[PDB]
> 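Got a structure here, written out as structure tokens. Questions coming.
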Amino acid sequence: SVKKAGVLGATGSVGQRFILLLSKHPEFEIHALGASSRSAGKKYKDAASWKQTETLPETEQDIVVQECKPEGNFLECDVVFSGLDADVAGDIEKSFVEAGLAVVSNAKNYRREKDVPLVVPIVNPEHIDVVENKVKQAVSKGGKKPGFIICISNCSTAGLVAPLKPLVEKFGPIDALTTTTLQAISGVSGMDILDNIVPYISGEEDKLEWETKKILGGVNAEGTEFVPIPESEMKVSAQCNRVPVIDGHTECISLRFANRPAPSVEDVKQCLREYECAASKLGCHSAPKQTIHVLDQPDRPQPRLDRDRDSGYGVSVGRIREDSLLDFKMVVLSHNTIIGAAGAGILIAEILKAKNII
Amino acid sequence: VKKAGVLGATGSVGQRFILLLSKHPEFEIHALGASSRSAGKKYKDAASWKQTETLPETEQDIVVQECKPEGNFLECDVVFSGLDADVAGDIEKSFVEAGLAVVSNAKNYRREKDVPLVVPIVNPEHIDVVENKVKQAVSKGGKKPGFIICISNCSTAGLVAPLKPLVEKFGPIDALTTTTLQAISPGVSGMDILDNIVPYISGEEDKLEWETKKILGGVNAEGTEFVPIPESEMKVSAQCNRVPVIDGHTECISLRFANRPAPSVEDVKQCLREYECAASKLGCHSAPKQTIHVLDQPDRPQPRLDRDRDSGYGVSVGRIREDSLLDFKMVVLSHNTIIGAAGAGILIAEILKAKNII
Ligand SMILES: NC(=O)c1ccc[n+]([C@@H]2O[C@H](COP(=O)([O-])OP(=O)(O)OC[C@H]3O[C@@H](n4cnc5c(N)ncnc54)[C@H](OP(=O)(O)O)[C@@H]3O)[C@@H](O)[C@H]2O)c1
């Protein structure tokens with residue numbers, strides 16, 4: 001069965017990738033596209049300075065970009081993805097929720113809101129239960145389906161937590177966590193980055209440190225709001241860097257378990273290679289069976305040689321070994337195809353589709 | 001005016017030694033050694049000049065010699081070594097036994113209990129072990145005994161440079177992380193590194209972890225051997241990466257003090273600003289009096305923006321801020337001219353000469 005999909009901020013970078021993906025999806029129909037006044041009225045192909053290495057089909061190319069209001073075609077969408085600029089996403093997404101619509105957003109605005117799930121779909125799909133219970137209890141009493149928002153974490157946060165989930169399931173809570181990122185370009189000018197390193201990405205470290213606590217966190221007794229891992233319970237230290245690499249974020253991570261003793265390296269590696277995410281078990285269309293590709297070569301993963309090879313995995317993980325300060329260190333290569341805003345967004349909608357929320 | 005030898009003169013480290021010595025009035029380039037397939041040839045005909053700056057042509061005409069203590073090598077007041085580790089142990093041993101003063105970049109003798117491992121802007125006082133030994137041999141036999149001082153690689157020197165003043169002021173550091181983003185400056189081809197990250201430098205993390213504890217360690221009661229900091233009292237975790245950058249290693253670092261409670265972030269910044277290395281206080285020519293350059297901009301240091309401008313400091317240090325796991329984190333940029341093998345070696349020779357060990 002085909003659900004109708006809308007895209008807010010459709011002309012932007014993340015918006016482009018949303019439409020590109022949904023275009024190949026057998027379960028979704030691109031029904032409404034939204035951007036600013038500068039774009040409204042134009043065919044998508046004229047509204048968007050297309051920056052993807054892949055071209056878009058003609059039928060999607062001719063679709064007329066609409067204003068970002070819960071109106072006409074947007075009121076007809078079963079799910080509304082959002083890559084809106086944060087300057088406008090606040091007001092707009094709220095009115096979409098108010099109109100009773102299902103919003104899956106990459107905007108940072110509502111990420112830290114207490115009743116809003118912050119979801120890396122290959123890691124914490126269970127955090128969606130909060131909206132699931134709200135929705136299903138509302139409709140069972142005969143009332144109108146409330147409308148809600150689920151937020152998509154960034155590629156960097158998603159890369160950090162991805163290997164952590166199986167490890168936390170098997171060996172219990174992680175109380176200490178470091179990450180130094182080596183982040184790719186995919187604005188950053190050639191002037192800024194060529195033969196250079198910028199040891200600062202604005203807001204990225206606070207994002208990384210705070211979001212991971214919510215994603216790996218829990219819910220309050222009333223089951224309506226999220227209770228992120230408190231600071232006394234888990235320390236997270238991020239250092240983010242831009243590097244002269246076109247595609248694929250690398251993270252050099254360190255971790256310690258709260259429960260003693262630490263497992264063995266082989267148990268850790270075996271845990272990571274064996275993990276199947278909840279979304280795969282639900283039978284979701286865009287979910288990877290295995291979310292992690294464990295690599296044994298001592299110089300792997302590398303962004304350039306493992307980008308395509310492992311594009312079916314959430315992350316590639318290499319150099320898993322015992323640490324000198326915490327328990328283990330390892331190297332993580334994110335894959336945009338799976339854990340990128342667009343890929344994460346579609347999977348959330350599939351999870352919503354299964355479980356009958358949309 | 002001291003006469004200088006260079007072993008493994010044709011290699012990357014040898015080239016840097018020769019170049020830097022030619023710009024130095026206190027030294028005379030007196031002997032050059034390399035492989036037997038180089039021996040008997042002018043230096044320009046023996047070497048593939050991989051440097052940016054060209055050599056004065058009078059230096060180019062120097063005939064390279066076999067790596068043996070035999071002719072011009074026997075008259076050198078200091079012999080610098082840039083031999084590969086698979087032959088260096090044999091040759092450097094011969095030189096020491098011939099009575100010569102060896103300053104080596106090779107790894108072979110670094111872990112020896114009696115051999116100083118020196119980052120001369122950090123632990124020049126470790127040379128006192130050699131000094132007292134030479135003092136002992138003069139009283140006993142009349143002649144100098146022959147010795148090795150080992151030079152730490154640029155990566156270790158970068159880590160330890162800002163730590164020295166901190167430890168002097170606030171006491172020992174019991175925990176320390178580093179993720180490095182290391183410049184090209186086996187080799188490393190463009191094919192490996194361009195538009196890519198290589199999360200592995202062979203032996204690098206091991207050296208970084210072990211050598212730190214010795215460099216920041218002490219001397220036994222008799223002043224005859226080195227007592228590196230016990231593993232339990234300083235946990236050091238390194239994660240080394242190669243990036244597409246020509247010159248200037250970046251290190252993303254975290255540290256915690258053993259002495260509780262921690263100083264403030266303001267105390268730390270000013271401690272680094274006020275540090276003047278002891279080699280500068282001795283009057284050594286190559287030692288930077290402003291050893292550390294702290295930068296206040298949120299996006300600095302950057303290798304390409306700061307490598308020429310800060311080429312006369314040991315390190316530039318930026319983004320000094322409170323940490324959430326350990327006490328503080330910060331971004332460190334190394335300056336090869338000062339703390340690289342050649343620059344470090346010349347400074348050691350300057351200290352040796354000032355202290356009459358020659
Ligand atoms: N070279 C140029 O002239 C130029 C132009 C655009 C972008 N860029 C660069 O490329 C990047 C791509 O942009 P982005 O996706 O990061 O962010 P963005 O374009 O500013 O915003 C993302 C999406 O939000 C929409 N939007 C913005 N303001 C809106 C409003 N007031 N009401 C409703 N929708 C609104 C945009 O549609 P609209 O397309 O209608 O604005 C776009 O689809 C930018 O960060 C920028 O650096 C350069």
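Note that these values count all heavy atoms, side chains included, but never hydrogens, waters or copies made by symmetry. Reminder, nothing fancy here: chain letters follow the sequence lines and each chain counts from 1.
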> Within a radius of less than 6.0 Å around NZ of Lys235(B), do more than 12 heavy atoms belonging to other residues, nucleotides or ligands occur?
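No, because the 6.0 Å sphere around NZ of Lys235(B) holds 12 heavy atoms or fewer from other groups.
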
> What's the shortest heavy-atom distance between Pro244(A) and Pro244(B), and which atoms?
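Nearest pair, atom of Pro244(A) first, then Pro244(B): CG-O, 3.6 Å.
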
> Calculate, to the nearest 0.5 Å, the distance between atoms CE and CG belonging to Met234(A) and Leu325(B) respectively.
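It is 11.5 Å, given to the nearest 0.5 Å.
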
> Is atom CD of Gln270(B) surrounded by more than 12 heavy atoms (other residues, nucleotides or ligands) closer than 6.0 Å?
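Buried by this count: over 12 neighbours within 6.0 Å.
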
> Counting C-beta onward and ignoring hydrogens, is there a side-chain heavy-atom pair between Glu231(A) and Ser324(B) closer than 4.5 Å?
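No, side chains not in contact.
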
> I'd like to know which of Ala184(A), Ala238(A), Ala176(A) tops the heavy-atom pair count under 4.5 Å against chain B.
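Ranked by heavy-atom pairs under 4.5 Å with chain B, first place is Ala238(A).
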
> Roughly how far, to the nearest 0.5 Å, is OG1 of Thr177(B) from CG of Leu326(A)?
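Interatomic distance, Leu326(A) CG to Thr177(B) OG1, rounded to 0.5 Å: 9.0 Å.
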
> How would you list, in number order, the residues of residues 189-205 of chain A that have a heavy atom less than 4.5 Å from chain B?
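Heavy-atom contacts from residues 189-205 of chain A to chain B are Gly190(A), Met191(A), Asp192(A), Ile193(A), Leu194(A), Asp195(A), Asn196(A), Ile197(A), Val198(A), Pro199(A), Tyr200(A), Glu205(A).
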
> Within a strict 4.5 Å, meaning less than it, do heavy atoms of the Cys252(A) and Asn241(B) side chains meet?
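Yes, close enough: below the 4.5 Å cut-off.
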
> Please look at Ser237(A) and chain B and tell me whether the side chain, the backbone, both or neither of the residue comes under 4.5 angstrom of a heavy atom of that chain.
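For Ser237(A), the contact with chain B is made by backbone and side chain together.
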
> If we define contacts as heavy-atom pairs under 4.5 Å, which of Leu177(A), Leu182(A), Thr250(A) has the most with chain B?
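Maximum pair count with chain B is reached by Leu182(A).
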
> Which pair of heavy atoms, one from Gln239(B) and one from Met330(A), lies closest together, and at what distance?
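The pair with the smallest heavy-atom distance is NE2-O, 3.6 Å.
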
> Taking side-chain hydrogen bond (donor to acceptor under 3.5 Å, both in side chains) as the test, write out the residues that go with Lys164(B), two or more places apart.
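Partners of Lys164(B) by the side-chain hydrogen bond (donor to acceptor under 3.5 Å, both in side chains) criterion, ordered by chain and then number, come out as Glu125(B).
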
> Take atom CD of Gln297(B) as the centre, draw a 6.0 Å sphere, and report whether it contains more than 12 heavy atoms from other residues, nucleotides or ligands.
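Atom CD in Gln297(B) is packed in, count exceeds 12.
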
> Please classify the contact of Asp323(A) with chain B as side chain, backbone, both or neither, using a heavy-atom distance under 4.5 Å.
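It is the side chain, since no backbone atom gets that close.
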
> Which region of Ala183(B), side chain (C-beta onward) or backbone (N, CA, C, O), has a non-hydrogen atom less than 4.5 Å from a non-hydrogen atom of chain A, or is it both or neither?
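Neither part.
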
> Check each atom of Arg242(B) against the heavy atoms of chain A and say whether the ones under 4.5 Å are side chain, backbone, both or neither.
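For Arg242(B), there is no contact with chain A at all, as no heavy atom is under 4.5 Å.
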
> Flag the one option from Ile253(B), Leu305(B), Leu333(B) with the top tally of heavy-atom pairs under 4.5 Å to chain A.
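Heavy-atom pair counts peak at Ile253(B).
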
> Verify the neighbour count for atom NZ of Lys108(A): are there more than 12 heavy atoms of other residues, nucleotides or ligands below 6.0 Å?
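Open.
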
> Counting heavy-atom pairs closer than 4.5 Å to chain B, which one of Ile185(A), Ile246(A), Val331(A) comes out on top?
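Among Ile185(A), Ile246(A), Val331(A), the one with the most close pairs to chain B is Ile246(A).
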
> Side chain from CB out, backbone as N, CA, C, O: work out which of these in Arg321(B) comes under 4.5 Å of a heavy atom of chain A, or both, or neither.
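Only the side chain of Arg321(B) comes within 4.5 Å of chain A.
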
